[PDB]
Structure formats: C-alpha cells, structure tokens
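Below you'll find the structure, written out as structure tokens, and then a few comments.
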Amino acid sequence: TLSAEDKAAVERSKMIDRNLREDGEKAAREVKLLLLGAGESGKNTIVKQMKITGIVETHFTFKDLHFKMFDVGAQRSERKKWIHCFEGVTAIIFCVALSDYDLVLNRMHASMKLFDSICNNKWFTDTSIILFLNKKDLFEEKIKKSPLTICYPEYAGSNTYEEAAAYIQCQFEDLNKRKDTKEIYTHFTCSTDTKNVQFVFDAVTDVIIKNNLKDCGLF
Amino acid sequence: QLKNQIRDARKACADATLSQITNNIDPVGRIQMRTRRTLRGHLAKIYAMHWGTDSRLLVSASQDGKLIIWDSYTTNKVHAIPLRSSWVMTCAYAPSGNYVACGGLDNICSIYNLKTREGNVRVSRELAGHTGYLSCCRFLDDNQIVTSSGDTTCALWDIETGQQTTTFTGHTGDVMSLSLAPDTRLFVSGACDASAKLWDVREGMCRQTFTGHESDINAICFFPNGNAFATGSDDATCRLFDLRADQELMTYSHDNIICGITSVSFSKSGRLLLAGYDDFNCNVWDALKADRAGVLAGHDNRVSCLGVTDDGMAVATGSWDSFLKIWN
Amino acid sequence: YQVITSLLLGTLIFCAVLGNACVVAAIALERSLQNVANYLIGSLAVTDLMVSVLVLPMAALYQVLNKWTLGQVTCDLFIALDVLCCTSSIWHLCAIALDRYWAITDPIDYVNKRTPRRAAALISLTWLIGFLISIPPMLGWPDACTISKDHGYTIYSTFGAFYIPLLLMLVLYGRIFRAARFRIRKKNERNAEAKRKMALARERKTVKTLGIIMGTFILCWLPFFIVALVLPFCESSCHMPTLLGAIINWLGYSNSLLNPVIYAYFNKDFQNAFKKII
Amino acid sequence: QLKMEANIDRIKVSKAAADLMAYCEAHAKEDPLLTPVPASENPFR
Ligand SMILES: C/C=C\C/C=C\C/C=C/C/C=C/CCCC(=O)O[C@H](COC(=O)CCCCCCCCCCCCC)COP(=O)(O)O[C@H]1[C@H](O)[C@@H](O)[C@H](OP(=O)(O)O)[C@@H](O)[C@H]1O
Ligand SMILES: CC(C)CCC[C@@H](C)[C@H]1CC[C@H]2[C@@H]3CC=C4C[C@@H](O)CC[C@]4(C)[C@H]3CC[C@]12C
Ligand SMILES: CC(C)CCC[C@@H](C)[C@H]1CC[C@H]2[C@@H]3CC=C4C[C@@H](O)CC[C@]4(C)[C@H]3CC[C@]12C
Ligand SMILES: CC(C)CCC[C@@H](C)[C@H]1CC[C@H]2[C@@H]3CC=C4C[C@@H](O)CC[C@]4(C)[C@H]3CC[C@]12C
Ligand SMILES: CC(C)CCC[C@@H](C)[C@H]1CC[C@H]2[C@@H]3CC=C4C[C@@H](O)CC[C@]4(C)[C@H]3CC[C@]12C
Ligand SMILES: CC(C)CCC[C@@H](C)[C@H]1CC[C@H]2[C@@H]3CC=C4C[C@@H](O)CC[C@]4(C)[C@H]3CC[C@]12C
Ligand SMILES: CC(C)CCC[C@@H](C)[C@H]1CC[C@H]2[C@@H]3CC=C4C[C@@H](O)CC[C@]4(C)[C@H]3CC[C@]12C
Ligand SMILES: CC(C)CCC[C@@H](C)[C@H]1CC[C@H]2[C@@H]3CC=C4C[C@@H](O)CC[C@]4(C)[C@H]3CC[C@]12C
Ligand SMILES: CC(C)CCC[C@@H](C)[C@H]1CC[C@H]2[C@@H]3CC=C4C[C@@H](O)CC[C@]4(C)[C@H]3CC[C@]12C
Ligand SMILES: CC(C)CCC[C@@H](C)[C@H]1CC[C@H]2[C@@H]3CC=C4C[C@@H](O)CC[C@]4(C)[C@H]3CC[C@]12C
Ligand SMILES: CC(C)CCC[C@@H](C)[C@H]1CC[C@H]2[C@@H]3CC=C4C[C@@H](O)CC[C@]4(C)[C@H]3CC[C@]12C
Ligand SMILES: CCCCCCCCCCCCCCCC(=O)O
Ligand SMILES: CCCCCCCCCCCCCCCC(=O)O
Ligand SMILES: CCCCCCCCCCCCCCCC(=O)O
C-alpha cells in the first residue's frame, strides 16, 4: 500500500485514461462514409469536386458537420475478409457510370452484382446506401447514337433519356432484398459542386433523424 | 504425377492415428477457469494482442487508432501510442521489449520504439513495399521482421535498412496468419487456398504444402516442440499437421459449432489447446483425446484474439466488445 | 377487509420495487446501455425506486390504519418527501420528452453536442424545481395528515408541478408528431402499394406510441391534480366519497411502476439487455 | 519446385504421435493452466 512507484504508475494510468477518453470524445463527432465503386466510375473526380496506397481518407466540413470519407478501391483483394471492419458506417456511397456500354470486361452487370453483394451483406443491415450516377452527357450521346437493347436483352421501350434513366433508377433500387430497414438515396451527379455536397448532407441528416426516431420507437 | 506420388507416400505411411495411442491415457478432466482480471481501456473493436517474453506487458491494438501496452499484474496503463491510420489488423511485440509493430488496411505496419532517452513514443520505422492489406508482421530479432500481406507474398524486412531482403510467393489467395517457430529458423504461412506452406528464412524457398481444409484458414500456431502445428478454419474443424510426418494426425470438430474460428493457441506443454470461435465462447480442447475439456464465456460479440504467456501462467483473450479477459 | 387491501398494497409496492431495481441493475451492469437517453431513464427509475421505498409504505400504513400515529414531524416529512418525489418523477418525464425533442428536431446538435453532462444538468434542474416547490411549506409556512389547503400554496404547487410541465410536454410531443409525419410522408404499382402500406404501418405505430405515452401520464395524474385544485376552493362542498378519493390518490402512486414499464421495458434494446443478463 | 520438396526424410506417423505424447507428458508438471495454481504462489491473485 505504502508504495511511491505504484502510486506514480497509477497516476500515469489515470492520465492515459483521461487522454484516451478525451480523444475518443473528440473523434466521436465525425460521420463516417464508405465510398465504393468500379475502377473508373469517377470516384476520384467526385472526391476532387467535393474537396474543391490503400485506404484513402478525405475530410469534409459542410455546415458545421465533419465527414470522414474512406475510399477503398485503390487496392484489390478479397472483400469478404475486410468488409466487416466497416460495420457501423453511417452511409455507403456507391458510384456508377452510366456510359459503360462501350467497353466490355458488360460492366453494368458486374456493377449490379457488386451492388447486390454489398447491399445484402450481413454486416450492413442498418447501413444506408447513397447512389451516385456519373456522366449523363456521355450516356445521352450514346443513347442517341446507340440503342438500349444491347445491354438489356429482356427490355424493350422508347429511347427517351428520361424514360431510360427512370428504368435504370428503378432497376438499381430493385436489387435490394430488405426495404424496411434501409432506404436507397439516388442522385444524378452533374458538373456542379454544391449540389452533390448538399445531397450528401441531406441524406446523412435524414438517416440520422430516422435512426433517432427508430430509437424513440416512432419510426 | 508428383502430387499423386506424394499422396501415395502419405497414405502408405499411415496405419494408425494418435487416437489409438491415446486410448490408455486418462482424460484431463474439467479445467475450470475464471476471469481473474478485466481490462477495459479501448472504445472500439480490438483486432490483435501479443504477450511479452516476461509475461508482464502485453500490447493490444484497436480500431480507434490506439494501441495500448498494459501491465498484466496491476492492470495499469504504461504506454498508449496514437496511430496515423485508424484501421489496424495486427500487432506484435519485441522479444526484448523495445519495438512494437502494428499494421492494418494500409500497406504498412509501422514499428514504434518504446525505450528512448526523451521518454516518449516516436515513430521508428515505416515499411512500405506491399500492395495488399498487411495481415500479420512478426518480430524475429532486433534487426529482422517478417510480414504476411494480402498480396499472397511473405516479405522479410530489415528494420535498419528498411528494404526487403527475401520474398516468398506461390500462394493463390491472400495469406492471413503467420507464426514463428521457437528457433526462429522457419515458419508457416496460410492462405485462402485451404493449405499451409512452410518457409525457411535462411534459404528462402518452400519445403512442404499441407491440405485437408475446405474453406479459408484464419489462424496457425506451432506446437511447443516445434515439429507440428495447429490450424483453424471457417468450417469449425481445426487440424493438427506434423512437419516430419507430412500428414494430418487428427481432426477437431463438434456438432454444436457451425461458426468459424479466429485464433488458435497452445499451452506450455501442449496438453490443452485454445480456440476462439464466433459464439462469444472460448473452447479449451485436449490435444490428445480430441475432447472438449472446457468452455469459457463472458464475451458479447465475437472473440478476436487469444494468447498464452510464454511462462504459461495465464491466458489473455480479447473480443470485439473491447474487454480483455485473463483466465488463470 | 383490511387484510385484502394490505396484501394488495404490499404486492403493488413489491412489484414497483422489483421493476425499478431490475431497471437500475440492467442499466448499471451492462456497457451497451450507457447513453444520455438511457441515463435519463435510469434517473427516472431511481426516482421511482425512491418513491416505492420511502413514500409508498407510509401511505399504505396510513390508508390501512385510517389514522396517522407517527407524529407531526413524521407527517411533515412524509408530505414533503411525497411532493418532492412526485415532482421529480413528473419533471424527469418532461426532461426525457425535451431530450427526445432536441434529438429529433436537431441533428447537428445530436452529432456535435450530446455529452452526458446535459443529462446531469437536466436531472439537477428537475431536482432543483422539486426542492423549490417542496421546501416552502417547511420553511415558509391533529390525527389527520393532510397537505396544506392554502389557496396560494395549492395554486402554486398545481401550476408549477403539473400544468406547466403538462403543457410543455404536450407542445413538445405535438412538434414530434408533426416532424415524424413530415418525415414519413416525404410493376411500379406494386412498389407504390408496398411503400404506401409501409408508410401507413409506420404512421399507425407512431400514433399508438404517442397515444400510450400521453395516456399513461394523463389518465394517471390529471384526476388527482384536478381534485387537489378543486377541493380547497369549495369549502361548502366537501362531501367527496372516501373510496373515490382513495382511488384517485393511489392512481398517482401506482403510476410509479408504469413509467419504467413503458419507457424502459418496451424498447427492443433494453429487453435484449435483459435476455443477455439471464 | 515439387521435385526438390518431394525428396524429404519422412518418418512413421505412429513414431511422431509417440514423440508428441512423450514431450507432452514430460512437461505436464509445469502447466499452470492444467493444474490449478494455489493463490499463495499465484501472482495474478
Ligand atoms: C378502439 C378499439 C379498442 C382498442 C382500444 C383499447 C385497447 C387498446 C390496447 C392496445 C394495446 C396497447 C399496449 C401496446 C402493447 C404492445 O404493443 O406491446 C407489444 C409487445 O410487447 C408486449 O406486449 C410485452 C410487454 C411486457 C412489458 C413487461 C410488463 C411486466 C413487467 C412488470 C414490472 C415488474 C417486473 C419485475 C409490441 O411492442 P410495442 O409496439 O408496444 O413497442 C414499442 C412501444 O409501444 C413504444 O412505446 C416504444 O417507445 P418508447 O417506450 O416511448 O420509448 C417503442 O420503442 C417500442 O418499444
Ligand atoms: C419489498 C421490501 C423492500 C419493502 C416492503 C414493502 C411492503 C410490502 C411492506 C412495508 C411495511 C409493511 C406493513 C407494515 C405495517 C403493517 C401493519 C399490520 O397491522 C398489517 C401489515 C402492514 C400493513 C405491513 C404490510 C406490508 C408492508 C406494507
Ligand atoms: C394489481 C397489482 C397490485 C399487481 C400487478 C402489477 C403489475 C405487474 C401489472 C399492473 C398492470 C399491468 C399492465 C397492464 C397493461 C399492459 C399492456 C399490455 O399490452 C402489456 C402488459 C401491460 C404493461 C401489463 C403488465 C403488468 C402490469 C404492469
Ligand atoms: C434509500 C432509497 C432512496 C434507495 C436509494 C438507492 C440508490 C442510492 C442506489 C441504488 C443503486 C446505486 C447505483 C448502482 C450502480 C452505480 C454504477 C456506478 O458506476 C456509479 C454509481 C451507481 C449509479 C450507484 C449509485 C447509487 C444507487 C443509484
Ligand atoms: C422498511 C424499509 C424498506 C423502509 C423504512 C420505513 C420506516 C421504518 C422509516 C422510513 C423513514 C424513517 C423515519 C425518518 C425520520 C425520523 C425522524 C426522527 O426524528 C424519528 C424517527 C423517524 C420518524 C424515522 C422512523 C422510521 C422511518 C419512518
Ligand atoms: C459517466 C457519467 C457521466 C454517467 C452519468 C450518470 C449520472 C448522471 C447519474 C447516475 C445515477 C444518478 C444518481 C442516482 C441516485 C441519486 C441519489 C439522490 O438522492 C440524488 C441524485 C442521485 C445522486 C443521482 C444523480 C445523477 C446520477 C449520479
Ligand atoms: C387552453 C390553454 C391551456 C392552452 C392549451 C393549448 C394546447 C391544447 C395546444 C397547443 C399546441 C397544440 C398541439 C400542436 C401540435 C399538434 C400536432 C397535430 O398533428 C395534432 C394536434 C397537436 C398535438 C396540437 C393539439 C393541441 C395543442 C397541444
Ligand atoms: C391508470 C392506468 C391503469 C390507465 C391506463 C390506460 C391506457 C392503457 C389507455 C388510455 C387511452 C388509451 C389509448 C387511446 C387512443 C389509442 C389510439 C388507437 O389508435 C390505438 C390505441 C390507443 C393508443 C389507446 C391504448 C390504451 C390507452 C393508452
Ligand atoms: C377525471 C376526474 C377529473 C373526474 C372527476 C369526477 C368527480 C368530480 C365526480 C364523480 C362522482 C361525483 C359524485 C357522485 C356522488 C355525489 C353524491 C351527492 O350527494 C353529492 C355530490 C357527489 C359527491 C358527486 C360530486 C362530484 C363527483 C365526485
Ligand atoms: C396496477 C396499477 C398500475 C393499476 C391498477 C391499480 C388498482 C387496481 C389498485 C391500486 C391500489 C388499490 C386501492 C388501495 C387502497 C384502497 C382503499 C380502500 O379503502 C378501498 C380500495 C382501494 C381504493 C384500492 C382499490 C384498487 C386499487 C386502486
Ligand atoms: C431481483 C432480480 C434477480 C429479478 C430478475 C427478474 C427479471 C430477469 C425478469 C422480470 C421481468 C422479466 C421480463 C418481462 C417481460 C419481457 C418481455 C418479453 O417480450 C421478453 C422477456 C422480458 C424482457 C422478461 C425477461 C426477464 C425479466 C426482466
Ligand atoms: C430495503 C430497500 C431495498 C431496496 C433494493 C434496491 C436494490 C438496488 C439494486 C442495485 C444493484 C446495483 C448493482 C451494482 C453492480 C456493481 O457492483 O457495479
Ligand atoms: C438532491 C439532488 C442532488 C443532485 C445531484 C446531481 C449530481 C450530478 C452528478 C454528475 C456531476 C457532473 C457535473 C454536473 C455539473 C452540473 O451540475 O451541471
Ligand atoms: C380525464 C381526461 C380524459 C380526456 C383525456 C383523454 C386522453 C386520451 C389520449 C389520446 C391520445 C391522442 C394521440 C394523438 C391522436 C392524433 O393523432 O391526433
């Protein structure tokens, strides 16, 4: 009991615990987002337009709210053994390019499969998904120059841009199996910069409000 | 043809199993253990833990970017090193208690120095030569380290120079776990190919390949004798492989477990081994009778790591709940 | 006659004590229930336990014996403690409602400033109000043990303990209902029908939750305060039946065990915590 | 690679099992996890 070194060690442990708790409290007020997509879906351009060799961390500050965006597509490996580490993320931002008919690895089916795997993952039951679509001008030019039956053997319809976009929107939102827990927010990415950040902020706020309501039991 | 010859050689040499020889051996009984101490310092999931050579200081790394070195006697905190990357997958402690390595999703497991004249933790080395997420980097001596990454390669790095001296390749899937033998002359690496390969550090070319699993293998630990090891897989069927015999000896399976394993450890004498499953329970199984000698509870989500001291006094197990339980 | 009432009161007190103790133990013994809302719920459970341990036995003894035989000092202490604890419970309910309002209608504040210190401040404010309206009778101002019937004291207590928090809670919950309905409202035919059905189910769930939360307070507390406000102002008409007076008086005390049942035992996480404890 | 790996000096499986049992029994007296350590000499109490 009457030990000076033991008391000094206890004081050091108390100081370390205080510092750790303070740092945890400081870092707890940060909304985490997980950015996912294909290799060349415009993820880098999207990060650039918001901000203006493995995990890439990006910091955003909009209307007094700190967002930590984690881009993971830099490195390719087995997703089954590190996806679980991203449990609890506020939202998953999935990026898709509309003008993917030209090059065949076909990318549309692969993107659908990836989205289905991510959305139905057992570790993201309560995680919301925000869907971004890129390169509308290229998509419009391609539909003007090429039909839609090439990518969709089992679909026939008009070539109007709005109808095709709505069909793709509905198809993407159709993949999810569970609809009561998670809601998919889909937005069209454009050359503007403020609209994307505003939509991300609105989606995060809606998700937080819905989670709070569910905790209260109203929702 | 050569694989067929190896299969014939291994099947011909097998006439009886370890079960028959262990029939006359009485059971170890019910080994009941209780959590003597509880360490609650982290605020997120802990993914690794390593015991020191003195069985006093152990280092654990969490997902909040913090690794903490605790005094296992008084449950006091002596070092807490903040990290640039919040994602940490593995940690390792030096035999001499001077350097601590921690790595994760980023293609670097940083080595930090504990003993310094100024008395403050500072960055010592940052090895960056891999392209896949680092799985486990282990210390051999004061000047060498091994790294098992997600690129399907095992790299031998020199801390002083910082460049890799030897590279091991041949795995199709990413390697997950790596353990060092007591003599620090050879090790074993496992990957998603449901197989384990022995690698000799001095020369740097493979010796043997062992199969028997159907899913990915997550943990591998040498027997204290150094002539055999145990591997865990997601099929809930841990298997012990002998290097000298080059064939599986016995199977460790039970009908009440359907979930996978996370870590496998041995005892000082090897009579009883420890397995961490996803049922927030630790299983203590007899290494000879192939029976369940003990069940340990007290975890909520999932057991992430477990380790026995070199002296064999106690065993520390850590789960995703952020509580480390010391059974003795 | 006496035996039945005594047994019923004892069973009620035992059930309330068991519920409050179970809530407190579940909150304390587990690390997954350490939240500001859970802290407020635990404070409410502690107040209910205090009511059950200190005030309820005295009231039961007075009711069964039909007279007070513990002295004037003990009667004054009982009255003060009962008033203080009932006010504490009501204001804890109001504080929980206000915290829910802040959480739902302010996401930025929820993310940034949701430290436990806010719960401590709210609890301190509620206890301060309780002491403020409970001390005056001892500081400022034979067999029967009854509260003072002064017009000023009774109006002050009624308006500062029930009516003001009642109106505040009503306004807060109306705003919550408005916000929740706004959020909910905000081959394709099948999808539209499914969405409409889900929205209707969510609206029904919200309506049921609000109705239960409001009723368990109104129908359990309003009659007692109305009686306490009307009786002192009508000295000519004091022929209120004993049975109805007793039932109205004991409804508020019985409310002590419904609050933990509704606020705590209902939400999924807390019952899962119980199941883990078992 | 397989050509060099195949040429190894292999032993009998039963011999390896016997060696493992002998090693396990030799050090069975120094296992705190197996034999409950009394609190007197236990530094974890
Ligand atoms: C108009 C026509 C006529 C119809 C009109 C007249 C009659 C209408 C009556 C309608 C029914 C109303 C009661 C609702 C019952 C009910 O719905 O419960 C169901 C199952 O639960 C149990 O039954 C199990 C509950 C058991 C709780 C434990 C009780 C025993 C503990 C004793 C204490 C001592 C123990 C030691 C479904 O559960 P739930 O929907 O009620 O659950 C919700 C609850 O209602 C919300 O309040 C709550 O919000 P919060 O509390 O404010 O934070 C939500 O989070 C959620 O928990
Ligand atoms: C559960 C523990 C902690 C608290 C006990 C609360 C209740 C059950 C206890 C507290 C005091 C008790 C009362 C004390 C005095 C008498 C007077 C006697 O003539 C009949 C019984 C009666 C009326 C008792 C019945 C039960 C009682 C009301
Ligand atoms: C009569 C007294 C002395 C003994 C019984 C006290 C307690 C256990 C009783 C009194 C009234 C009961 C409640 C009355 C209404 C409901 C609503 C229903 O949907 C779930 C059960 C619930 C919540 C009951 C649970 C048990 C309860 C709280
Ligand atoms: C005599 C009557 C009024 C009953 C009073 C019981 C009160 C004083 C007791 C019952 C259980 C106790 C709590 C049990 C658990 C803990 C958790 C600990 O980390 C801090 C203290 C705290 C929060 C205790 C404080 C006091 C407490 C709330
Ligand atoms: C049975 C348990 C659970 C609760 C205890 C109930 C009874 C016995 C307790 C509660 C509060 C106590 C009183 C508290 C204050 C005083 C004032 C003092 O000047 C004389 C005794 C007196 C009047 C005490 C007598 C016993 C008492 C009435
Ligand atoms: C980690 C920290 C911040 C958690 C905060 C919990 C605090 C707000 C809670 C836990 C239990 C509560 C106490 C429980 C019992 C009593 C006794 C009563 O006569 C006065 C209030 C008092 C003293 C409460 C005040 C607030 C309290 C201390
Ligand atoms: C006469 C004196 C005491 C003033 C009383 C004013 C009360 C009755 C008023 C003030 C605010 C009102 C509420 C404001 C918001 C809504 C939400 C709406 O969707 C249903 C009605 C409801 C719930 C109102 C009901 C009545 C209300 C509670
Ligand atoms: C003193 C105590 C025992 C009285 C408790 C009575 C409670 C249970 C009564 C009072 C008013 C009732 C509510 C009145 C209105 C509705 C709206 C309806 O769409 C669903 C039921 C619901 C939500 C009722 C459920 C039960 C209710 C809350
Ligand atoms: C929810 C609350 C506010 C309802 C209150 C209802 C009260 C005011 C009602 C219910 C029954 C009524 C009593 C019923 C019987 C009589 C007997 C008669 O000879 C004088 C009046 C008297 C004594 C009534 C006075 C008012 C009374 C007590
Ligand atoms: C369990 C709770 C939450 C709801 C139901 C409580 C009811 C059934 C209980 C609680 C206490 C009981 C009262 C206790 C005391 C008396 C006084 C006596 O002279 C007549 C009966 C009367 C008036 C009882 C009638 C029923 C009663 C009012
Ligand atoms: C003094 C202590 C030891 C007594 C402990 C008794 C506890 C375990 C009892 C009392 C009431 C019980 C609960 C009452 C009702 C429900 C709701 C149901 O849908 C799931 C079980 C659950 C949540 C029960 C679980 C166990 C429970 C919490
Ligand atoms: C005679 C009055 C009886 C009152 C009974 C109240 C029971 C309170 C139970 C509190 C349990 C607190 C558990 C603390 C656990 C810990 O040691 O940390
Ligand atoms: C009789 C009622 C006493 C009230 C006791 C309240 C004790 C609060 C404990 C938490 C202390 C944290 C500091 C709170 C500062 C504050 O008052 O706002
Ligand atoms: C003694 C006073 C009796 C009158 C008080 C009755 C209170 C009943 C509670 C009704 C809850 C209404 C819930 C909101 C309904 C709505 O959506 O408008």
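Following Swiss-Prot, chain B residues are numbered 13-340, in order.
Per deposition record, electron microscopy, 3.0 Å.
The backbone N, Cα and C atoms fix where each Cβ goes, and this holds for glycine too.
Taking the Cβ of B:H266 (phosphohistidine) as centre and 10 Å as the limit, one finds 14 other Cβ atoms among all the protein chains shown. What Swiss-Prot records for B:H266 is phosphohistidine.
Counting residue by residue with DSSP, the repeat 'WD 1' (B:46-94) contains 0 helix, 30 strand, 19 coil. Taken from Swiss-Prot, the feature repeat 'WD 1' applies to B:46-94.
Annotation source Swiss-Prot lists repeat 'WD 2' at B:95-140.
Residues or ranges marked as repeat 'WD 3' by Swiss-Prot: B:141-181. Listed by sequence, the residues of this chain that lie at least six past the ends of the repeat 'WD 3' (B:141-181) yet keep a Cβ under 8 A from its Cβ atoms are 60, 101-102, 104-108, 110-111, 113, 115-121, 123, 187-192, 196, 199, 201, 203, 211, 213, 216, 218.
DSSP labels the residues of the repeat 'WD 4' (B:182-223) in these numbers: 0 helix, 22 strand, 20 coil. The repeat 'WD 4' annotation in Swiss-Prot covers B:182-223.
Sequence annotations record features per position, and here Swiss-Prot assigns repeat 'WD 5' to B:224-267.
If one looks beyond the repeat 'WD 6' (B:268-309) by at least 6 residues along the same chain, the residues whose Cβ comes under 8 Å of a Cβ in the stretch are 30-31, 34, 37, 39-45, 227, 230-237, 242-248, 250, 252, 262, 315-320, 322-324, 327, 329, 331, 337, 339. For B:268-309, the entry in Swiss-Prot reads repeat 'WD 6', with the evidence type experimental evidence.
With a threshold of 8 Å between CB atoms, the same-chain residues lying at least 6 positions outside the repeat 'WD 7' (B:310-340) that come near it are 45-52, 54-63, 65, 67, 70, 72, 74, 82, 84, 274-275, 277-281, 286, 288-290, 292-294. For B:310-340, the entry in Swiss-Prot reads repeat 'WD 7'.
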Residue numbers, six or more beyond the limits of the repeat 'WD 5' (B:224-267), whose CB comes under 8 Å of its CB atoms: 18, 21-22, 25-26, 29-31, 185, 188-195, 200-204, 206-208, 210, 273-282, 285, 287, 289, 297, 299, 302, 304
Tally of residues which DSSP labels helix, strand or coil - the repeat 'WD 3' (B:141-181): 0 helix, 24 strand, 17 coil
Within the repeat 'WD 7' (B:310-340), residues counted as helix, strand or coil by DSSP: 0 helix, 15 strand, 16 coil
Where B:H266 (phosphohistidine) falls in three-state DSSP terms: coil
